[PDB]
Amino acid sequence: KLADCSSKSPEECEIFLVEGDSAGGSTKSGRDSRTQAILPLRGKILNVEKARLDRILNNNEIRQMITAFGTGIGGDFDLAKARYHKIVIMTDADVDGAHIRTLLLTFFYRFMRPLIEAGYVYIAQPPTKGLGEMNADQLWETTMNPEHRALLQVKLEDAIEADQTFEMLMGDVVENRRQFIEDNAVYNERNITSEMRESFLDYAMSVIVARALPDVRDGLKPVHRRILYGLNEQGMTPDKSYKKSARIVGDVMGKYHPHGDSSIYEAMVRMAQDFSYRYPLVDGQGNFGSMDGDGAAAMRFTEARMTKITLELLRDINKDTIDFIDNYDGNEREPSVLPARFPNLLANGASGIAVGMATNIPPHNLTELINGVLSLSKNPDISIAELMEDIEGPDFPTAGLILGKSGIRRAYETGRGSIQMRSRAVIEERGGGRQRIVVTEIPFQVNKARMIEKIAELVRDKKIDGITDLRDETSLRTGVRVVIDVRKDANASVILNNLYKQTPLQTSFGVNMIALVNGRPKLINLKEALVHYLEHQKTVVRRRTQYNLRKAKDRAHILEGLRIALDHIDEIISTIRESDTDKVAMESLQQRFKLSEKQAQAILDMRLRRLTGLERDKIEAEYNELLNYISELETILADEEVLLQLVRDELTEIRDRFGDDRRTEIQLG
Amino acid sequence: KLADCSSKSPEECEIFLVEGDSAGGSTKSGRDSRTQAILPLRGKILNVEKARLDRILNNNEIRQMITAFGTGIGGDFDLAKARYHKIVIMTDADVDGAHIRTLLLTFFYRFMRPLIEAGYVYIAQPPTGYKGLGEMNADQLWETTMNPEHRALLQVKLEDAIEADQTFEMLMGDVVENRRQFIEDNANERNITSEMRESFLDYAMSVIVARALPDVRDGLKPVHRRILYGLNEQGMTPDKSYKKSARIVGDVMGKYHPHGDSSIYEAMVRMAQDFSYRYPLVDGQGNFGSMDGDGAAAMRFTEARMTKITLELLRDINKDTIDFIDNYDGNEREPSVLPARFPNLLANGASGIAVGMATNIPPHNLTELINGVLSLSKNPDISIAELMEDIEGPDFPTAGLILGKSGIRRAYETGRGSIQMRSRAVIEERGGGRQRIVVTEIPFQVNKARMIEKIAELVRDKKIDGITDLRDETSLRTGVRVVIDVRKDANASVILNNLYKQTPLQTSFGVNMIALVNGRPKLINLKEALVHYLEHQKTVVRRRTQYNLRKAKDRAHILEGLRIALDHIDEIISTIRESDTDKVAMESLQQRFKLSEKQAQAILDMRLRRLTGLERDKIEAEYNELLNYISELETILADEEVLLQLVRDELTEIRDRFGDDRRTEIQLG
DNA sequence: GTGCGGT
DNA sequence: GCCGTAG
DNA sequence: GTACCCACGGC
DNA sequence: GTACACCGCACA
Ligand SMILES: O=C(O)c1cn(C2CC2)c2cc(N3CCNCC3)c(F)cc2c1=O
Ligand SMILES: O=C(O)c1cn(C2CC2)c2cc(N3CCNCC3)c(F)cc2c1=O
Ligand SMILES: [Mn+2]
Ligand SMILES: [Mn+2]
Ligand SMILES: [Mn+2]
Ligand SMILES: [Mn+2]
C-alpha cells in the first residue's frame with residue numbers, strides 16, 4: 001500500500017494521505033522521491049467516535065496509518081519515533097472530500113492529539129473539479145511541490161472547545177448533529193474547529209439536499225432525475241429500442257452526475273424491478289436480479305429504456321413547465337424538477353439515509369392516491385381521516401399484508417409511524433393427520449432466501465421445532481411460494497405464529513417522511529404531501545398553457561403578415577425583384593405594408609409551393625384554427641376553476657390509463 | 001462458488017458449467033435446485049495439454065470441477081463415485097465461448113476420459129447467435145436452455161479412440177505449425193472430434209480477421225479502428241474540448257464492439273501515450289499511465305479526443321471512399337477500414353498474438369515512410385534496397401539506437417529479422433576520480449522501472465561488481481535519465497558493455513510483419529505493405545473523385561433549373577398560382593418549361609429571397625465554377641496518371657505538415 | 001518472461 | 001442488521 | 001470483472 | 001479498489 005521515502009530522518013519528511021487510488025498513483029509520480037511518502041486511503045474511513053476501541057483497532061486504514069505513523073497511539077505515543085514532521089491530508093475538493101477530512105481529523109484528535117499540537121498536521125490546498133483527473137506532475141506542482149504548494153497546519157487552539165465539537169459532530173447523538181445543521185442552514189494556519197464546523201456543514205447539507213432525499217414534487221432524488229432525464233434526452237422512449245445500460249450510464253455520468261459507475265447503474269436497476277418499485281420507471285431487458293437479493297448482471301450486459309408511465313413523469317417538460325440549470329461544470333443543462341404529472345412521491349415511495357436525518361415512505365396505490373388528490377382539489381380544508389377514506393394505506397409491490405388501520409393512520413397524521421407487514425400464509429391439511437405451511441406473499445424489502453436461511457438457521461439450531469422440511473418452490477407461474485412441511489401431532493399454527501416472532505415472515509415498515517420541500521429537509525403528512533404536489537400540478541399545467549399561448553400568438557403573427565402577403569401577392573414579388581441586397585427588401589415590405597421585422601423576414605422565407613391552391617388556402621385554414629386555441633388558452637388562464645379542471649381531467653386520464661387495483665390487504669382489528 | 005442441488009442422487013443430478021459470472025447467476029436463478037447444480041467459470045480455463053501437472057493441479061477452475069464431480073483424475077477415476085450423470089457445458093454462441101467449450105473439453109478428455117464414455121458429458125444449445133447468455137433473464141435461460149421439456153442437448157460421443165487423441169493434440173497442442181496448418185486447410189448426438197474442429201476453427205478464424213491482427217491498409221485492429229471510428233462520429237476532433245473516457249467506451253461498445261470496457265480502454269489509452277505510439281492517435285486528459293509502467297487512470301476519471309494527425313485517418317470518409325459493413329447487431333453501420341491518408345501500419349507499428357500466428361511490427365518515421373511511397377509510386381519496379389535510400393529502418397518514440405544494418409535489412413526482405421535495440425547511455429565524470437554511467441534513452445517497449453529493479457537484482461545477487469548507487473532521475477525536464485555510479489578507478493565501460501548483454505538496456509526486436517491483406521493473414525515484406533497501402537490510396541482518391549462529381553453533375557443540373565425560372569420568372573410565378581397542387585404545379589412546370597422532375601421541385605421549393613439582384617448572381621457565380629470543377633474531376637477520372645499525381649501531391653503535403661526528424665540512431669561497425 | 005486484446 | 005446512494 | 005472496507009439514520 | 005488467473009506466439 002504505502003510508498004515510503006529515502007530520508008529516514010523524519011525532519012525533511014512528511015506523509016500524504018490522499019483520497020482515492022485514481023488520485024493515489026497519479027501522486028506516485030508527481031512526488032519527490034526522497035522526502036515525500038504517500039498513503040492512499042481506499043475510501044471513506046472508519047468513524048472513531050461511533051465504534052468502540054476493538055473495532056477502531058481493526059479497520060485496515062486505521063491500522064495502516066498507525067505503523068506508517070510510527071508514533072504509536074493512545075498512551076504509548078512517543079512523538080519521537082514520529083516518522084513525519086509534516087503529515088498532509090490531501091482530500092478531494094468535493095463534499096465527500098471535506099467529509100473524508102472530518103473523518104481523518106476525528107482520528108487525529110483522539111489518537112494523536114499531541115501530533116496536532118506537535119506541528120505535523122497539514123492540509124494541502126488542492127486547486128479548483130475533482131482529484132484523480134490530474135496529471136502526475138499536475139499533482140506535484142499545485143500541491144506536493146514545496147516551491148509552489150499551498151498547505152495548512154492545524155492549530156488545535158482551545159482543547160476545551162474542540163473536545164466539545166468532536167463529540168457533537170461525529171458522536172452517537174444524531175439529534176445533536178441535526179440541531180446544529182438546521183440552525184446553520186443558509187441556501188497560513190487553520191484552527192481544527194474552524195475546520196469541522198464548515199467541512200462538515202457543507203457535507204451534511206449537500207447530502208441532505210442533493211443526495212439522500214427525494215424532492216416532494218417529483219418524488220425523485222438527483223441520481224434518479226438524471227437517469228430519467230437521460231432516458232428522456234437520449235430519446236430511448238418505450239416505442240423505440242433498448243439501449244445497453246453502460247451507454248446510458250456513460251451518458252449520465254458524463255453529463256450530470258460525476259460519481260461512481262456503480263452508483264448510477266444499480267440505481268437505474270432498482271427503477272427496473274417489478275418488486276422493488278410499485279410503478280417501474282424503466283423497461284428492463286436482461287438479467288435484473290430477483291427477490292433473493294441477487295443483483296442485475298453488470299451494466300455492460302443489460303438494457304433498459306423508458307416505461308409508458310415514465311413519460312407522464314416528463315410529459316410537457318419541453319413546454320417550459322420547470323426550471324433548468326447548468327450541470328456540475330457548466331457545459332450542460334438538466335431539469336431542476338420533472339413535471340411529475342402523476343403522484344410519484346407517495347406512489348412508488350422512498351428510502352434514503354442522510355446526515356442528521358433519514359427518510360422512509362411506503363408505496364401506495366396510484367388509483368387510491370389519485371382520488372385522494374381529486375377530492376383534495378375540491379376542498380383545501382380536508383381532514384386526513386377523510387383523505388384516508390380514499391386511500392386505505394400503502395400498497396406494497398410485494399402485496400403481502402398490513403395490520404390495523406392504526407399503525408397506518410398515525411404515519412399519515414404526524415409524519416412518523418410504524419406499520420406491521422406480514423406474509424401471506426396458509427395452513428392446509430395434507431391428511432393422515434398432517435399439516436403444511438405455505439407462504440405465498442412475503443413482506444416488502446424482505447430478502448426471500450435469507451428469511452429461509454433464517455428459518456434454516458432456527459431448525460438446525462433447535463430454537464423452533466416441529467418442522468420437517470422447508471422448500472422454496474416459487475415459480476414465475478405461481479407467484480411467491482414457500483412450502484413448510486410440518487410434523488404430525490405437533491401444532492403448526494404454533495410454529496406459524498412463532499415464525500412471525502422469530503423470523504422476517506413478519507416485518508415492519510418504519511414510516512418517516514422527510515422529503516425536500518421548498519429546498520429544505522421536512523417531515524410532512526398525507527395532507528401536506530399531496531398539497532405540495534397538487535401545487536406542483538397547478539404550477540406545471542399552468543406554465544405550459546402560457547408557453548402554448550406564447551407559442552400560439554407568435555405563429556399567428558407570422559401568419560397575419562403571411563396572408564397579407566398572399567393577398568397583395570403581385571406587388572410583393574416585384575418589391576423584391578427590384579431590390580438588390582435583401583437588407584433593402586426587408587426595408588421595403590415593412591414601410592409599404594405597415595409590417596414588422598419578424599414578419600417581413602418570414603415572408604422572405606416563403607417557398608414557391610406555398611402559393612399553389614391548397615397551400616395558400618391551407619395557410620389561412622391554420623389561422624382561424626389558432627384563434628380558438630388562443631382565446632381558450634386565455635379562458636383557461638382567466639378562470640382558476642378551469643385550469644383546475646384540466647388538472648383534474650388530466651390526473652383522471654392518467655388514473656384511467658395506468659390505474660391498477662390493490663395487492664396489499666389491510667386487515668382491520 | 002457452486003450452488004449444489006438438495007438432491008444427492010446422480011441418476012437425476014446434472015451439473016452446469018456456464019460462461020460467465022452473470023450467465024452463471026441467471027442460470028442459478030432459472031435453474032432447478034432439485035436436480036440442476038451450477039458451476040460457473042470465471043473467464044478462461046487451463047490447457048491441460050499445453051500445461052503440465054504441478055500446474056494443472058494447483059489451478060482453480062479444474063479443482064473446482066474436480067470436487068464438484070467427485071470422481072478422480074486419470075487412474076483414480078471411478079465412474080460410480082460420480083456425483084452427476086449429466087455434465088452440461090454452457091457457453092454462448094460467440095466464438096470466444098466456442099473456444100472455452102474446447103478448453104473444458106480438453107480437461108474432460110485428459111483427466112476424466114472414462115466419464116465421457118458414459119455419456120455424462122453434455123453440451124447445451126442456447127438460441128443461436130442471438131446474444132450473450134448473460135443478456136437473457138434467468139427465466140429466459142431456463143425456458144430455452146435448461147428446461148428438460150424444450151431443451152436440446154448434444155450428447156458427446158467418443159466415436160474413434162485413435163483419431164481423437166491426435167486431433168486434440170493438434171488443436172490444443174504445443175506445436176504451433178500444425179495448428180497454423182489445420183486452420184489454413186479449413187479456412188441427439190454430437191461427434192466430439194468434428195466438434196472440437198469446427199468450434200475451435202470457427203473461433204480461431206474470428207481472432208485473426210476480427211481480433212488481434214492489423215489491416216494492411218489502415219494499420220488498425222478492429223478494436224482501435226472501432227474507437228477511432230466513433231471518436232469521429234461523436235465529433236470530438238482536436239478543436240473540441242475533451243469528453244470523458246467512460247462516455248467514449250460505453251459508446252464504441254454500445255454501437256460496435258461487444259467486449260470488455262477494460263480492453264477497449266487500455267487499447268484506446270495506448271493510442272494516447274506519446275512513448276507508446278510514434279505518432280499518438282489520441283490526445284488524453286489526466287492520468288494516462290506513464291513510462292515506468294503505471295497503468296492509466298480509471299475510465300471514469302479521464303477524458304479524450306483525437307489528435308490532429310488522427311484527422312487524416314478519417315479524411316473524406318463520408319465521401320463514398322470505402323465500403324461499409326453492418327454492425328454486430330444490425331442497428332448501426334461502421335467502416336470496414338479507415339481511409340488512412342497516411343501509411344499507418346509501418347508508421348505506428350502493431351503487435352498482437354493470434355491463433356497459430358502472431359504479428360510484430362516496428363514503428364518508422366512518417367517522413368521517411370512517405371518518401372518511400374512517392375518514390376515507389378514513381379518506380380513501381382523499384383528495388384527494395386532503393387526504398388531504403390528513403391527508409392533506413394524503424395524509429396521508436398522512445399528513440400534510442402539500433403545495432404547494425406543486416407538487422408533491419410533482412411527484416412524488410414523475408415518479413416522477419418532480428419533488430420538490435422540498445423540504449424543511449426553516456427559515460428562521464430562524477431568527481432574525485434570516481435565515475436558514472438548515465439542512460440538517457442531506452443529500447444522501445446522496455447519498461448524503465450523493471451530495467452532499474454532488475455539491475456539491483458544483480459548487485460544484491462552479486463552478479464555484477466563495482467556498482468555503488470543507482471537512482472532514476474526522470475523528471476519532465478530530464479525526460480529519461482538513469483544514473484549508475486561506478487566505484488572509482490574501475491572500468492565503467494566494461495560494466496556498461498555488460499549491463500548491455502545482461503539486462504533490458506539492450507533488447508531484441510523480433511519482427512514478424514503480418515497483417516490482413518486482401519482480407520487474410522499474410523506476411524508482407526516492405527514493398528507489398530507499401531504497395532497494398534499505395535493501392536488503397538489510389539483506390540480512395542478515385543472513389544472520392546467519383547463522388548465529388550455526381551455531386552457536382554447533380555448540382556449544376558439544379559443550378560440551371562433555378563436560372564431558368566429566375567429568368568422566365570413572372571410566368572414561373574404564374575404557372576404555380578394558376579395551379580392547385582404541387583403535382584400539377586410540377587407536371588406543369590415540367591412540360592411547359594421542359595423542367596425535370598428534379599429541377600421542378602428545386603423551384604417549387606425556392607424561397608423568395610432569391611428574386612433580388614445579388615441572390616440571382618450568387619447562383620450565376622456558383623454555376624460557372626461548378627463547371628471548372630467538373631472540368632477537373634472529369635480530368636482526374638479520365639486518366640490513370642492524374643489520379644496518381646493528386647495522390648502524390650496530397651501525401652506530399654502530409655509529410656510536409658506532420659513530418660518530423662528521426663529519434664532512433666542507426667549505428668554500425 | 002514479455003508485448004496485447006480477450007473471458 | 002439491513003434498508004441505498006456516495007468514498 | 002467480481003471480491004471486501006467505510007458513512008449515514010432509524011428500528 | 002487492487003487482488004485475482006487464464007488463451008494465444010515468438011524470441012529471447
Ligand atoms: O475485462 C477485463 O479486463 C477482465 C475481466 N475478467 C472477467 C472475465 C471477465 C477478469 C477476470 C479475472 N479473474 C476471473 C477468473 N479468475 C480470477 C481472476 C481477472 F483476474 C481479470 C479480469 C479482467 O481483467
Ligand atoms: O464506486 C464504488 O462502488 C466503490 C469505490 N471504492 C473506491 C472509492 C473508489 C470502493 C473502495 C472499497 N474499499 C475496499 C477495500 N477497503 C477499503 C476500500 C470498497 F469496498 C468498495 C468501493 C466501492 O464500492
Ligand atoms: Mn471527488
Ligand atoms: Mn460499490
Ligand atoms: Mn460472450
Ligand atoms: Mn483487465
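Rules and cut-offs
Residues numbered from 1 in each chain as written, not as in the entry; some residues may be left out. Chains lettered and ligands numbered in written order. Heavy atoms only, no water. Residues with missing side-chain atoms left out of burial classes, pairs and counts. 1 Å grid on protein atoms, 1.4 Å probe; cavity = no way out; pocket = protein on both sides within 12 Å on 5 of 7 lines; lining within 4 Å. Points joined across faces, edges and corners; volume = space filled by probe spheres on them. Helix = DSSP H or I, 4+ residues; strand = E, 2+ residues; numbered from the N terminus. Nonpolar A, V, L, I, M, F, W, Y, C, P; charged D, E, K, R; others polar. Domains from an automatic or database assignment. Donors = N, O, S within 2.8 Å, 3.2 Å for Na, K, Ca; no water. Buried < 20%, exposed > 50% of the residue type's maximum accessible area, 1.4 Å probe, protein only. Near = heavy atom within 4 Å. Polar contact = N/O pair within 3.5 Å; in protein donor to acceptor, adjacent residues only side chain to side chain. Areas by Shrake-Rupley, 256 points an atom, 1.4 Å probe, with all protein chains shown as cover. Pairing = 2+ DSSP bridges. Axes fitted to C-alpha atoms, helices over the stretch in contact; angles between N-to-C directions. Contact = heavy atoms within 4.5 Å. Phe/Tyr/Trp six-rings, centres within 6.5 Å; stacked < 30°, edge-to-face > 60°. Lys NZ or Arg CZ within 6 Å of the ring centre and 35° of its normal. Parallel < 35°, antiparallel > 145°, perpendicular 65-115°, else oblique. Left-handed = near helix turned anticlockwise from the far one by under 90°. Salt bridge = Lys/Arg side-chain N within 4 Å of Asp/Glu carboxyl O. Right-handed = clockwise from strand over helix to strand, strands pointing away. Core = buried A, V, L, I, M, F, W, Y, C linked by side-chain atoms within 4.5 Å.

Some remarks on empty space enclosed by the protein
All names here are of chain A. Space inside the second largest cavity adds up to approximately 70 Å³. If you trace the second largest cavity, you find it lined by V216, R217, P343, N344, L345, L346, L369, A529, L530 and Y533. The set of elements that each furnish at least two residues to the lining of the second largest cavity consists of α15 (344–348) and α21 (526–567). For the lining of the second largest cavity, the per-class residue count stands at eight nonpolar, one polar and one charged.

Quick word on the domain arrangement of chain A
Taken as a whole, chain A is organised into domain 1 (1–185) and domain 2 (212–669). Computed from C-alpha coordinates alone, the two centres of domain 1 of chain A and domain 2 of chain A are separated by 43 Å.

Overview of the coordination of the manganese ion (ligand 3)
Working reference: metal with six octahedral donors, ideal angles 90 or 180 degrees; metal with four tetrahedral donors, ideal angle 109.5 degrees. All names here are of chain A. The protein atoms that coordinate the manganese ion (ligand 3) are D92 (OD) and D94 (OD), at distances spanning 2.0 to 2.6 Å. A relative accessible area of 10% means that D92 is categorised as buried. Judged by relative accessible area, which is 31%, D94 ranks as partly exposed.

Things to note about the protein's contact with DNA strand F
Residue and element names in this part refer to chain B. Not every one of the 20 residues close to DNA strand F is listed here, only the nearest: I45, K50, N59, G356 and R416. A share of 82% of the atoms of DNA strand F within 4 Å of the protein falls on sugar and phosphate groups. Measuring from a sugar or linking oxygen of DNA strand F, one finds a backbone N or O atom of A354 at 3.4 Å. For the surface near DNA strand F, the elements supplying multiple residues, two or more each, are α4 (95–110), α8 (176–186) and β18 (507–512). When the residues that make up the surface near DNA strand F are grouped by side-chain class, the tally is nine nonpolar, six polar and five charged.

Topic: the site of ligand 1
All names here are of chain B. In the vicinity of ligand 1, the contacting residues are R42, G43 and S262. Note that an oxygen atom of ligand 1 is positioned 2.5 Å from one of the side-chain N or O atoms of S262. Considering ligand 1 on its own, with 500 Å² of exposed area, one finds that the protein chains cover 34% of that surface.

Focus on the sheet that holds strand β6 (residues 189–191) of chain B
Residues and elements named next belong to chain B. Across the sheet, six strands lie side by side as β2-β1-β3-β4-β5-β6; this open sheet has mixed pairing. Two strands lie at the open edges of the sheet, namely β2 (36–40) and β6, each paired on one side alone. Mean inter-strand twist for the sheet, computed between neighbouring axes without regard to direction, equals 35°. Alignment of strand β1 (residues 14–18) against strand β3 (residues 86–90), held across five bridges, turns out to be parallel. When the sheet's bridge partners are listed, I15 is paired in β3 with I87. Along the sheet face, α4 touches β1, β3 and β4 (121–124) and points at about 155° away from the line of β3.

Topic: unusual backbone geometry
Residues and elements named next belong to chain B. Its identity as a non-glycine residue notwithstanding, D320 has a phi of 45°, on the positive side. Within the secondary structure layout, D320 lies in the loop between β9 (303–305) and β10 (324–326). If you check the backbone angles, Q445 has positive phi at about 80° while not being a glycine. Tracing the backbone shows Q445 in the loop between β15 (435–439) and α17 (448–459).

So, the packing of aromatic side chains
Using the criterion set out here, one finds 18 aromatic pairs over all chains in the structure. With a centroid separation of 5.6 Å and an interplanar angle of 45°, the aromatic rings of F107 of chain B and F111 of chain B are classed as tilted. Ring geometry for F396 of chain B versus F509 of chain B: centroids 6.0 Å apart, planes at 45°, classification tilted. You can see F396 of chain B sitting in the loop between α14 (366–378) and β12 (400–403) and its partner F509 of chain B sitting in strand β18, a full 113 residues away along the chain. Lying across the ring of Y623 of chain A, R563 of chain A places its NZ or CZ 4.1 Å from the centre. Over the ring of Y279 of chain B we find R278 of chain B, and its NZ or CZ is 4.5 Å from the ring centre.

Some words on the interface of chain A and chain B
Taken together, the 46 residues of chain A in the interface contact 48 residues of chain B. At the level of elements, α12 (245–255), α22 (569–577), α24 (597–603) and α25 (613–637) of chain A are the ones that each hand at least two residues to the side of chain A that touches chain B. Taken together, the residues of the side of chain A that touches chain B break down into 17 nonpolar, 17 polar and twelve charged.

A word on the pairing of β15 of chain B
Residues and elements named next belong to chain B. Of the pairings in the sheet, the one linking strand β14 (residues 425–429) to β15 comprises five bridges and is antiparallel in character. For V426, the partnering residue across the bridge sits in β15 and is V438. Counting the residues in the hairpin turn of β14 and β15 gives five residues, including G431, whose phi is positive at 125°. When β15 meets strand β17 (residues 482–486), the two strands line up antiparallel, connected through five bridges. Bridge pairing links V438 to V483 in β17.

With respect to the site of ligand 2
Residues and elements named next belong to chain A. Taken together, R42, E61 and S262 are the residues near ligand 2. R42 is positioned such that a nitrogen or oxygen atom in its side chain is 2.8 Å from a nitrogen atom of ligand 2. In the complex, 34% of the free accessible area of ligand 2, which totals 500 Å², lies under the protein chains.

A few points about the domain arrangement of chain B
The domains assigned to chain B are domain 1 (1–187) and domain 2 (212–669). Here the C-alpha centroids of domain 1 of chain B and domain 2 of chain B sit 43 Å apart.

Observations regarding the protein's contact with DNA strand C
All names here are of chain B. Around DNA strand C, the surrounding shell holds 17 residues, and the nearest of these are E19, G43, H257, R270 and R450. The sugar-phosphate share of atoms of DNA strand C within 4 Å of the protein amounts to 84%. Measuring from a phosphate oxygen of DNA strand C, one finds a side-chain N or O atom of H259 at 3.1 Å. When contributions to the surface near DNA strand C are tallied by element, the ones reaching two or more residues are α10 (222–234) and α12 (261–270). Its residues assigned to classes, the surface near DNA strand C shows two nonpolar, eight polar and seven charged.

Section: the sheet that holds strand β8 (residues 283–285) of chain B
Residue and element names in this part refer to chain B. The strand order across the open sheet built from three strands is β7-β9-β8, with neighbouring strands paired in antiparallel fashion. A single partner strand is all that each edge strand has here, and the edge strands are β7 (243–244) and β8. In the sheet, β8 pairs with β9 via three bridges, with the strands oriented antiparallel. Across the sheet, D283 pairs through a bridge with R305, a residue of β9.

With respect to the packing of helix α4 (residues 95–109) of chain A against helix α7 (residues 159–170) of chain A
Each packed pair of helices is defined by two parameters, the angle between the axes and the distance between the axes. Residue and element names in this part refer to chain A. Contact pair α4 / α7: the axes reach a minimum separation of 11 Å and the direction vectors enclose 130°. If you check the angle between α4 and α7, you find them oblique. The crossing of α4 and α7 is left-handed. In contact with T102, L103, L105, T106 and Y109 of α4, α7 contributes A159, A162, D163, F166 and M170.

Topic: the pattern of salt bridges
Residues and elements named next belong to chain B. Taken as a whole and assessed by the stated rule, the structure comprises 113 salt bridges over all chains. Here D283 ties to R305 by a salt bridge, and the two come within 3.4 Å at their closest N and O atoms. With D283 in strand β8 and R305 in strand β9, this residue pair connects regions lying 22 residues apart in the sequence. Judged by its relative accessible area of 14%, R305 falls in the buried class. Across the salt bridge formed by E312 and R657, the nearest N and O atoms sit 3.5 Å from each other. Residue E312 is found in the loop between β9 and β10, and its partner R657 is found in helix α24 (residues 642–658); the two are separated by 345 residues along the sequence.

What about helix α10 (residues 201–210) of chain A?
Every buried residue of α10 of chain A is accounted for by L201, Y203, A204, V207 and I208 of chain A. Its buried side turned inward, α10 of chain A meets α4, α8 (174–183), α9 (192–199), β20 (514–517) and β21 (520–523) of chain A.

Examining the pairing of β1 of chain B
Residue and element names in this part refer to chain B. With five of five residues buried, β1 lies mostly within the body of the structure. Every second residue of β1 is oriented toward a common face, with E14, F16 and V18 on one face and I15 and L17 on the other, all of them buried. Note that β1 and β2 share five bridges and pair parallel. By the bridge assignment for β2, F16 is matched with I38. Running through helix α1 (residues 22–30), the crossover from β1 to the neighbouring parallel element β2 is right-handed.

Thoughts on the nonpolar core
Within the largest apolar cluster, 218 residues are counted, with the highest numbers of intra-cluster contacts made by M268, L313, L526 and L530 of chain A. With 15 residues, helix α19 (residues 526–567) of chain B is the single largest residue contributor to this core. Leaving out residues up to four positions away in the same chain, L313 of chain A has contacts with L220, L228, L281, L338, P339, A340, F342 and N344 of chain A. In terms of nonpolar packing, the next biggest core, distinct from the first, is built from 61 residues, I15, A37, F77 and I87 of chain A among them.

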